[PDB]
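Don't worry about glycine lacking a Cβ; one is built from the backbone with ideal geometry, like all the others, and counts go over all protein chains shown. No lab work stands behind these numbers, since they all come straight from the coordinates.
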Amino acid sequence: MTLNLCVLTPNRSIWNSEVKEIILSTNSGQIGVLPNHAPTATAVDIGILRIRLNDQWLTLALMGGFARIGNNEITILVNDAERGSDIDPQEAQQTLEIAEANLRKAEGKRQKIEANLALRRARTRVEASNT
Amino acid sequence: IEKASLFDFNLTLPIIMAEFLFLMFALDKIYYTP
Amino acid sequence: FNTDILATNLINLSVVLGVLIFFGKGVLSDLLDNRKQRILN
Amino acid sequence: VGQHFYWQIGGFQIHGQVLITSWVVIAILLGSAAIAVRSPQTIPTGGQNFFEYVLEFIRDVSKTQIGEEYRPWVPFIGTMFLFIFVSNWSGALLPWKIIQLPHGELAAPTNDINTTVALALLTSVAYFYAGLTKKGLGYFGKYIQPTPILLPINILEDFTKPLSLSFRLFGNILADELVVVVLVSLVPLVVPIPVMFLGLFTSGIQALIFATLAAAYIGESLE
Amino acid sequence: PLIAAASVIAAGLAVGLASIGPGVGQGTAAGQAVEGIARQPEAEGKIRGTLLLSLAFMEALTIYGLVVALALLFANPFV
Amino acid sequence: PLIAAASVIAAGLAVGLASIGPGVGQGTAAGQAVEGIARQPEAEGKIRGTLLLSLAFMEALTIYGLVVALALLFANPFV
Amino acid sequence: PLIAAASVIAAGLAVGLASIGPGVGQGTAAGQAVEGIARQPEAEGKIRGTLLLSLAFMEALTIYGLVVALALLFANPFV
Amino acid sequence: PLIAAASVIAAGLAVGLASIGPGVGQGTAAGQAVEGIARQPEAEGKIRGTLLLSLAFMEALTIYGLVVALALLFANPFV
Amino acid sequence: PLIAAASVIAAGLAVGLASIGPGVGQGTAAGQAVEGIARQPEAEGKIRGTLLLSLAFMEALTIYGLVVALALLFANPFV
Amino acid sequence: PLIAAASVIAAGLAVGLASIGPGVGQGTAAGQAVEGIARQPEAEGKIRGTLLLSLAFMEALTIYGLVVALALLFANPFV
Amino acid sequence: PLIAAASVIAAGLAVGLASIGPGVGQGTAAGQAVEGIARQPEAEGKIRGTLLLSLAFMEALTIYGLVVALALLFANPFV
Amino acid sequence: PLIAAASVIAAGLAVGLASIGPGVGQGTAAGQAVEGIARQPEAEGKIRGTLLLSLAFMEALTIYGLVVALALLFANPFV
Amino acid sequence: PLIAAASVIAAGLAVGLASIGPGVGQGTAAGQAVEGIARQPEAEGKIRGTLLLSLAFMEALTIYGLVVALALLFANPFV
Amino acid sequence: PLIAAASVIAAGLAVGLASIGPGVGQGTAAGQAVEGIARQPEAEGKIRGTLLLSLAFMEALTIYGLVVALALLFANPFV
Amino acid sequence: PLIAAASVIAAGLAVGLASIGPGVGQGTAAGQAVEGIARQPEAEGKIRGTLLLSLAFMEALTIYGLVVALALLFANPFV
Amino acid sequence: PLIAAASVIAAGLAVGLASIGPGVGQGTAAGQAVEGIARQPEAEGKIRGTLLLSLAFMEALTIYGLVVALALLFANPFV
Amino acid sequence: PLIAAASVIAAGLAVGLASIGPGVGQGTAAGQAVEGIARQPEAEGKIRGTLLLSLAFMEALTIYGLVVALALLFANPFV
Amino acid sequence: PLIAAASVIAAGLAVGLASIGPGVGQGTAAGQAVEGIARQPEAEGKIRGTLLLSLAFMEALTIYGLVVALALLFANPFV
């Protein structure tokens, strides 16, 4: 009747209730899934997912990994994922500000890589919080 | 008088090869070496 | 051998040589001077 | 309009324009150099850092192209750069259509090919001198060492390097000047400035490329 | 008569053909120059200098066909 | 007579051929410029400046064929 | 007679050839512009502005062949 | 006689050639527009607006060759 | 005589050339429309509407070459 | 005489050229339609309806060249 | 005389050109139909029905060029 | 005389052109049929049946050009 | 005289053109047949049977152009 | 006279055209045969047998154009 | 007369054709040179030296066609 | 007179066309042969034997066009 | 007269055609040489030696067309 | 007269066409040879030997067109 979704983190299976649509980011930039999709495997970029089942569609920001989608089924391997409602927006925004400030200072070949990937991490947290 | 007739390959090419190598050796000495 | 006078051959060349001498003395003194400062350092 | 020019005779005819124009090039080069050389200071003063950075650039190109023994050929490749660069920039920026020759326009030393194939023969004498100097007199780069039946291509290759190097520089300077002349008759000086800019942009580069490529043939001798 | 007629056409095809290759060439180069900027915006200053430099090298190719076309139309030695 | 006839055609093919290459060139460049914007919207300001710059470089290529076509039709020295 | 005949054809090929390249060019650009919109719908406003801008740059290329075709048919100086 | 004969052919090739490029162009654009819809059905409203917009830009290219073909056949000034 | 002969051929090439590009164009678009349906069968209703819409836009391109071919054969003003 | 001769050839090239593009077009579309069926056999009913629909749209393109070829050979108004 | 000569050639090129596109078209379609069978042998029954259906649609395209070629050679109304 | 001369050439080009497309077509299809066999040897029986079936469909395309070539050379009604 | 001259050329182009497509076709097929053998050496017996079978199907295509070329040169009915 | 002249050219184009396709064909096949050997050196014995077999099949294609060229130059029945 | 006319055209096509290949060549090289700079900005100094070196090698190719075009127009030995 | 003139050209095009395909063919094969050597240097001995073998097979293709060109220029039976 | 006219054109096309292939060839080679430098800057010394070596091999190809063009214009034995 | 004129052109096209394919061929081979060196610098000695070997095989292809061009210009038996 529909495709089914299991998103899972290295310690914790987050979303294993099943849905009519999701739409997720990727390194190509954007993709959408609807039921009886052809078998595809996408490396998913860090940044928000949007999932629609029935009435309600909500975004949980998730931190990148892999997403294969088989027959009647999606499974998404992400190293960290949070529901966008469960993060309180303002605190996430504050964290983003801190990350930006540290990035602006942060210097040197590894360190910026860390700063840049941390600010990329922080910026997507509010984008699920607002949405 | 006579009209244009360019693309001439007379002894001028040899002549300004000489004046150019003179430039390179004389200009070598005042300008570049010092 | 004789000189050939006409105001078509060189007016195009004066603007070019002026632009190049001005912006070239600018970026050339800046670069050369910077190098000199580094040697002094 | 015209690719004709006036000869001067010493029993044989040589172009007047190219001698006068390259004389202006020799004078501007030695003049600014012997200005910049008179009072050297430990810390580069005003105006001497430009000549210094020129020398640095020349050293770098020769070194990359030649190798560890770049420092004997630095005056040669430096002259190939500076004579061709100052030739093209003097043809571009020095207003010489005010000056009226007896029979021809005065633009650059390189406009007459004679300059181009002379400079190509000088780089040919240079890489032959490097190759017959450092290597065995019996043989240089030309030997069909890789394959005996690679001789025809190799023999042909020697002829081509001076012709392409002679021709590219010559054609390019001449083509650029022609566009400025063929434009100007059609229209007044204001329209043509961008074109001259483009030509001025190539005018250094076909210089630089020449010097670079000349240095590279030295490397093919020394191996 | 015939000389003029041949020259006018030689003037048409010179600029007609010249734009074929570089028209395609600048296209791939520019577009590929943009994609890289999208990938690395911080590198826009670096990318643009080369991209602009390349187009001038490509742009001239059609200039030679433009100049000869004009030298055929306006300063034509043969008529 | 013949001179005019040759020139009118040279005017047709000059602008006819000129659009072939750049027509293709601008296509790949623009389309590839858009895909990058889709990938990185935040880079739209950066991408557009180059994209617009490129088209002008490409756009002229057909201008030379347009100008010569008109110089053939209207300010034709040979008729 | 002959002058008119040459001009009418020059009018046919001018608009005939002009559409070849840009016809292909706009195709890849638009299609690639759409794929990106599908990938990032939120970027549709950003993508469309560039896509529309590009087509006008491409669209004109065939305009020059259209204008010369008409200047050949209607305001023809040579007949 | 000859003038009419030249014009009828110029009318044939004008519409004959015009369809070549855009015929290919609309093809890639539409097909690539569909693939994206398949990938993201929820984006069908967004995708279609651009796709339809693009075809009109592409569709006209053949319109210019159609109009000149008719201006050659029906409202022909030269016969 | 000659006028009729030219027109019949102009009628042959008009419909002969018109089918080249769109024949290729509809091919890629349809095939790519099908692959997406295979990937997402649930999206078949969405995909088909666009695919059918596109072919009509592409299909006409050959219609203009068909109409002019007939206007050349049957309602020919010039004979 | 000449009118008939021109028409017979116009009849040959009309059907000769018409098959070029769609011959290629149907090829990619069908083949790509099959690959998708192989990938998703359960979608064969869905895929086939579109594939058959597409070929008819493509198939006609050569029909116009076939019809004009016959209207040239058999119901030829000009002879 | 001339009428017969034109017709025989129109008969040669009609069948000569007709095979170009579909010859390529059936190639990609069949080959791509086979690869899918290799990937999913269990789907061979499904794949073959479409593949055979497609070739007939493609095969006819050359039939129209074959029929007109014969109508030119054998039942030629014009001689 | 002329009729025979035209026919012999029409016989040369009919078989000359016919082999172009299918020559390419069978190539991709067969080669792609082999790669699949290499991937799935157990499917060789399945793959071969389709591959052989396809070539016959492709092979005929050149048969029509061969038959008309012979009908031109040997059973030529027009001489 | 003329009949013989036309026939000798028809004999040159028949075998000249025939080799174009299949020359390319056998190339991709064979090369792709080899790559698969490299991937699966154990399947060499399976792969070779199909590869050899395919070339004969492709090889003939040039045989028809060879046979007609000879039927033009040696057993020529028209001289 | 004319017969000899036509034949010498038919001899030039026969061998001139014949090498086009197979020249490309053997290229892809051999190169792709080598890449596989690089990937699987242990399979060199297996790969080479097929590669050599393929070239002979491809090599002949140009042989037919070579033979007819000689049959035109040396054992020419028509002069 | 004729000698001058031939030479002016030879001057048009020399520079017309020369720009085709290198126009495309410099395009891919430059664009691919930029993409690499975008990927590795720190390597811009390294990349540019080669890119500039390459264009001069490519740029000359059109210089030979420019020089011969001028040697045809201006210093023409044959008129 | 005419016989000699035709033969000299047939000698020009024979060697002119012959190099087109194999010139491209050897290119892909060699380049792809090198890439594999870069990937597996230990396989250089294996790769080179095939690569050299292939070029000779490809190299001859242009030999046939070279031989016929000389048989046209030097040992020409027809003059 | 005629001899000179033919030679001047042969001088135009010799250098006109010669630049087509290598113009494209050097392009891919250089651009691909740069991308590798971007990927491995430390290998710039290694890459450049081959890249420069290759261009000379490619550069000459247009030299042969340049030399023959000049041998046609200046040291022409036939006039 | 005519014999000389034909020969000079045959001399132009022989070297004009010869450079087309190998000009492209050496390009891909060299560029692909460089990319591999960038990937595996330690393999530069191995790669270069093959790359240089290949170019000579490719380089000759244009030599045959150069030699025949000269044998046409200088040691021409027919004038």
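A compact table of results
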{"quantity": "Spin-label pair C:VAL27/A:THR75, simplified geometry with 7 Å Cα→Cβ offset, distance in nm", "calculated": "5.8 nm"}
{"quantity": "log₁₀ of I(q)/I(0) at q = 0.05, 0.09 Å⁻¹ - the protein assembly as shown, Debye sum with one point per alpha carbon", "calculated": "-0.42, -1.45"}
{"quantity": "Over 25 Å between alpha carbons, listed pairs D:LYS63/D:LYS134; J:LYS46/M:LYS46; A:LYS109/O:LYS46; D:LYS161/R:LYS46; D:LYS142/O:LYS46; A:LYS112/E:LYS46", "calculated": "J:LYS46/M:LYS46; D:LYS161/R:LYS46; D:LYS142/O:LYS46"}
{"quantity": "Estimated [θ] at 222 nm from DSSP helical runs (n ≥ 4, -39500 (n - 2.57)) normalised by residues in the protein assembly as shown, nearest 500", "calculated": "-26500 deg cm²/dmol"}
{"quantity": "Rounded Å value of the spacing that divides the Cα centres of region A:59-106 and region D:1-67", "calculated": "63 Å"}
{"quantity": "Cβ-Cβ FRET estimate between A:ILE113 and D:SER185, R0 fixed at 60 Å, reported to 0.05", "calculated": "0.50"}
{"quantity": "Dimensionless Rg ratio for region M:1-76, taking C-alpha atoms and the 2.2 N^0.38 Å reference", "calculated": "1.53"}
{"quantity": "Amide H contacts under 5 Å for A:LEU60, placed H, 5+ residues apart", "calculated": "A:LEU49, A:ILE51, A:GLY84"}
{"quantity": "Cα-based Kirkwood hydrodynamic radius, chain C, one decimal, Å", "calculated": "12.8 Å"}
{"quantity": "Backbone HN-Hα couplings from phi across region D:57-62 [Karplus 6.51/-1.76/1.60, Hz, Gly and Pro as x]", "calculated": "4, 4, 4, 4, 5, 5"}
{"quantity": "Overall form of chain D per C-alpha gyration tensor (a/c, 1.5; a/b vs b/c)", "calculated": "oblate"}
{"quantity": "Net length gained if the chain between D:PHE159 and D:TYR129 were fully extended (0.36 nm per residue, minus Cα distance)", "calculated": "9.2 nm"}
{"quantity": "Most fluctuating residue given options R:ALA38, R:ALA14, R:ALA60, as computed from a GNM of chain R linking Cα atoms under 10 Å", "calculated": "R:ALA38"}
{"quantity": "Over region N:1-76, relative contact order from alpha-carbon pairs under 8 Å, at least 6 apart, %", "calculated": "56 percent"}
{"quantity": "Exposure proxy order (Cβ contacts within 10 Å, fewest to most) of A:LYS109, G:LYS46, D:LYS63", "calculated": "A:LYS109, D:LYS63, G:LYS46"}
{"quantity": "Net length gained if the chain between A:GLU91 and A:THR2 were fully extended (0.36 nm per residue, minus Cα distance)", "calculated": "28.4 nm"}
{"quantity": "Principal-axis tilt of helix G:44-73 within chain G, Cα atoms, nearest 10 degrees", "calculated": "0 degrees"}
{"quantity": "Phi-based couplings in Hz for region D:70-81 (Karplus 6.51, -1.76, 1.60; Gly and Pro marked x)", "calculated": "6, 4, x, 8, 4, x, 5, 5, x, 6, 4, 5"}
{"quantity": "Antiparallel bridges, percent of DSSP beta bridges restricted to the protein assembly as shown (to nearest 5)", "calculated": "85 percent"}
{"quantity": "Inter-label distance for A:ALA101 and E:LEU2, nm, one decimal - labels placed 7 Å from Cα along Cα-to-Cβ", "calculated": "8.7 nm"}
{"quantity": "Gaussian network model of chain D, Cα within-10 Å springs - most flexible of D:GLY138, D:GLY11, D:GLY104", "calculated": "D:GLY11"}
{"quantity": "Candidates E:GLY31, E:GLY45, E:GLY21: whichever shows maximal mean-square fluctuation once chain E is modelled as a Gaussian network with Cα springs under 10 Å", "calculated": "E:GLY45"}
{"quantity": "Amide H contacts under 5 Å for A:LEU8, placed H, 5+ residues apart", "calculated": "A:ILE14, A:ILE76, A:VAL78"}
{"quantity": "Estimated distance in nm for a label pair at R:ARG39 and D:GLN8, the labels positioned 7 Å out from Cα along Cα-to-Cβ", "calculated": "6.1 nm"}
{"quantity": "Vicinal HN-Hα couplings computed from phi for region O:30-36 (Karplus, 6.51 cos²θ - 1.76 cosθ + 1.60; Hz; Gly/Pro x)", "calculated": "5, x, 6, 6, 6, 3, x"}
